[PDB]
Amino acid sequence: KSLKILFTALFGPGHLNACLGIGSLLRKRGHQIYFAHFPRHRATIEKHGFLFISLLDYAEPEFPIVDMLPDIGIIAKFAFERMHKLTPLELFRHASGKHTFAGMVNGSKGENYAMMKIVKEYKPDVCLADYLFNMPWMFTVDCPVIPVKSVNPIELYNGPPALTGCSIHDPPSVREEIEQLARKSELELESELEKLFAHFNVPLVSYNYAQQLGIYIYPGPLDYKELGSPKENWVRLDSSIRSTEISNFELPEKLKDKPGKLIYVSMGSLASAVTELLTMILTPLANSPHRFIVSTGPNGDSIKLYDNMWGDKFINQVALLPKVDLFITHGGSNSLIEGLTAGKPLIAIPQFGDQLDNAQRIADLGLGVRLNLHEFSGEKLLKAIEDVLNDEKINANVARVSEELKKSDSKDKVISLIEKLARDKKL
């Protein structure tokens, strides 16, 4: 009756958090949850009651593994400088067939060795893995393996190219070029995955193939129903929000009894490392007639806050969101779902990857506005705030999606499929 279930994910807290959500549902049904991740997440993993396994304890001498979270800013600073200078079209021309995350693929060999040893030792009944791309170990281990996807799922559909930020209102002419450039760089990803798979003598699969079951996490009302169905074996979970740390969130006395709406500002787990980005956003908000709670990121201690702002490096985002009126976000999927669950509209300033797809989805479906870094001004950000605060149509759309997310029973089907696959080893 009781299953051994092993989770893993890449370093990004977004990938871990999505998995923690599914791990909760499965623990409530009486299964033993294991989580293979990095020592900086042992505390949260063990607090949710999962057994913690360190990726670092299973490293191969010739393939060392490092947690890239303390040094992701270098990568995120490059994305910022480019997105600040270039339009999304100009950025794709420049990329010259270079894919957004093909550079990570060669570096994956170490984690792959580690997971082969970990799945052999712990002999689980099923594995789940939130990665940006399939990894050889998922096809060599005895048990079935369910890819979990927490990024924007447009990549699972035949439609606008992914990582591009295309609109449903975009004319065929503007879209023909971006489509062409994206197809060119998608094959750079395939060629890099070929080398990684060849390294382990495993036949190459599509980067987002699900052999039996795949779980993508996106709200039904935002899912791409106008493009048809996702790829085979891929099933939607409307949300995967981890257990709240504190149920009640005490507001800081600085922003209490002060004039204006209450606005949350975070640029995520990764982009938040770029102090120049937060500084660009916060400087003009000094003279926005409202109150800001700011996630300042790993370098937050060196970021100036003004009289209408309170902030810490890390914020309890899930506890906070119910108390705010508006969320200024980077376009991360967990932040999107956390925000819409709380019923808050979004101003999305996308930085890299699926964030552009999520930002354009927020715009296209009347759940907030997209603000591009190339066009960014204090004038346009302050107007975006006033427009979205006062737009009854947007605030109605968000409330509607909020209700669809609370009432969702998508979790019921998804739990059954995980249990069926784990016990039957097929669907």
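Start at 1 with the first residue shown and count on from there. For clarity, a rigid core is taken as the largest C-alpha set superposing within 1.5 Å between two forms.
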Between 12 to 20 and 400 to 408, larger RMS Cα displacement in 5 other deposited structures of this protein after core fit: 12 to 20
In 5 other deposited structures of this protein, superposed on the rigid core, which stretch sits farther off in Cα RMS terms, 68 to 76 or 273 to 281? 68 to 76
One third of the other compared structures is the cut-off here: is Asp238 left unmodelled in that many or more? no
Comparing 240 to 248 with 156 to 164, which has the greater mean CA B-factor as deposited? 240 to 248
If you average the CA temperature factors over each stretch, which comes out higher, 74 to 82 or 313 to 321? 74 to 82
Maximum C-alpha temperature factor per the entry, among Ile337, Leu187, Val294, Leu222, belongs to which one? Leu187
Would you mind finding, among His99, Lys149, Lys109, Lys261, the residue with the largest C-alpha temperature factor in the entry? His99
Splitting the chain's C-alpha B-factors into thirds, which one does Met267 fall into? lowest
Grab the CA temperature factor for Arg29 from the record and place it in the lowest, middle or highest third of its chain. highest
Among the modelled residues of this chain, does the Cα B factor of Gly368 put it in the lowest, middle or highest third? lowest
Among modelled residues of the same chain, the CA temperature factor third for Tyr207: lowest
If you rank every modelled residue in this chain by C-alpha B factor, which third holds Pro39: lowest, middle or highest? lowest
